[PDB]
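A quick write-up on the structure given underneath.
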Amino acid sequence: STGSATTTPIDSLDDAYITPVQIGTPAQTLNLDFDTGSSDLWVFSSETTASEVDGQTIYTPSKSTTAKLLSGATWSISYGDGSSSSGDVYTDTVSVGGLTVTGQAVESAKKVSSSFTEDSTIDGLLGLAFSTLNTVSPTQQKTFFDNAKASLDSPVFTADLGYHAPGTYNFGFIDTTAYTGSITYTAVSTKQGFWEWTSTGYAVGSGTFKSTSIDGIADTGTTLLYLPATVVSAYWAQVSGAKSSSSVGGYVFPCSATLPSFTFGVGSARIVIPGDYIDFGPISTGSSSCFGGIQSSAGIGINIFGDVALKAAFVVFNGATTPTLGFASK
Ligand SMILES: O[C@@H]1CNCCOC1
């Protein structure tokens, strides 16, 4: 089997991408944030504290003939931005882009943090990291991808994120029309439960390539690119007036600047992030100071190849017994 679903930016800054997902019988369609950096599928629901729901579409298991309470199971998760949610668990039929999984754990939120409440466009998350990160207790649950994996033609999914434009998540096949050149595959470590890999280095603009190993994770659920302070300082040093601002919480630059590209290495291959991708616009409406798309990972503990990097590539998440990550230009 295979699935193919369009993913769409939630706003004009590509802060996140939402993908329609069908849950239950008859289908209830929710727009979920596909997140290769976590492993829970959770949704706003009829159980979510009313004051914490503001415009989201909710899952109502009582209206689904295939929903069953997973008795005694609870879940609680916190994300890298400090957001969080928790609740209980149903099993139900879940379909993405024509690909159907029965008995999927659908985690129903009883509580969500304000950042989720304030974002009316995201109805929940669909985790695509390894199931060892799933937070359901006392019986840990499998991701949509892990459940689907047996039925898939190939144990892969691909992320093809758009720049200010819709993109595609495919399951079970690699669309050879969706990229140019060849795909370069690189080893993945699952030891921390992430799609963790090692970049072979970087270049700033037309500068020479610096060969250096950078361990990081491929994370569709993170907006920006977070790299070691040495790397990020070398990048912003090439932008007149750029600086790190503690008040703003990262690198800012004059909106009048032209940003250089940023290249990262995948084995012997090179993925080039255009300068425009790194511009996240005025820090507040009307400001002449703009927020940078490349930021330091120093306060995080881990380097993160977020949307800023991933949208510059066609990315293959290979969930074979020996998992790998593939990157191609597009
Ligand atoms: O908000 C980000 C999304 N990715 C999962 C881990 O970090 C949290």
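Counting starts at 1 for both ligands and their atoms, following the listed order. Atoms considered below: every heavy atom in the structure, side chains included; atoms not considered: hydrogens, waters and symmetry mates. FYI, the numbering just counts along the sequence from 1.
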Does the gap between the ring centers of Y277 and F262 come in under 6.0 Å? no
Flag this pair as yes if the NZ/CZ of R270 is under 6.0 angstrom from the six-membered ring centre of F209 and inside a 45 degree cone about the axis; otherwise no. yes
In terms of residue, atom name and distance, what is the protein heavy atom nearest to atom 6 (C) of ligand 1? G37 O, 3.4 Å
Closest to atom 7 (O) of ligand 1 among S39, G80, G127 (heavy-atom distance): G80
Atoms of ligand 1 close to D219 [distance to a heavy atom under 4.0 angstrom, numbered from 1]: 3 (C), 4 (N), 5 (C), 6 (C), 7 (O)
Answer yes or no: does an N/O atom from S38 fall short of 3.5 Å to an N/O atom of ligand 1? no
Give a yes or no answer on whether the side chain of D88 reaches the backbone of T74 with a donor-acceptor pair at less than 3.5 Å. no
Short list, please: which atoms of ligand 1 are under 4.0 Å from a heavy atom of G221? 1 (O), 2 (C), 3 (C)
Number the atoms of ligand 1 from 1 as they appear, then name those within less than 4.0 Å of a heavy atom of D35, with their elements. 3 (C), 4 (N), 5 (C)
From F305, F145, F317, residue fulfilling ring-ring contact (aromatic ring centres under 6.0 Å, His included) relative to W195: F317
Checking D35 against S38: is there a side-chain donor and acceptor pair closer than 3.5 Å? yes
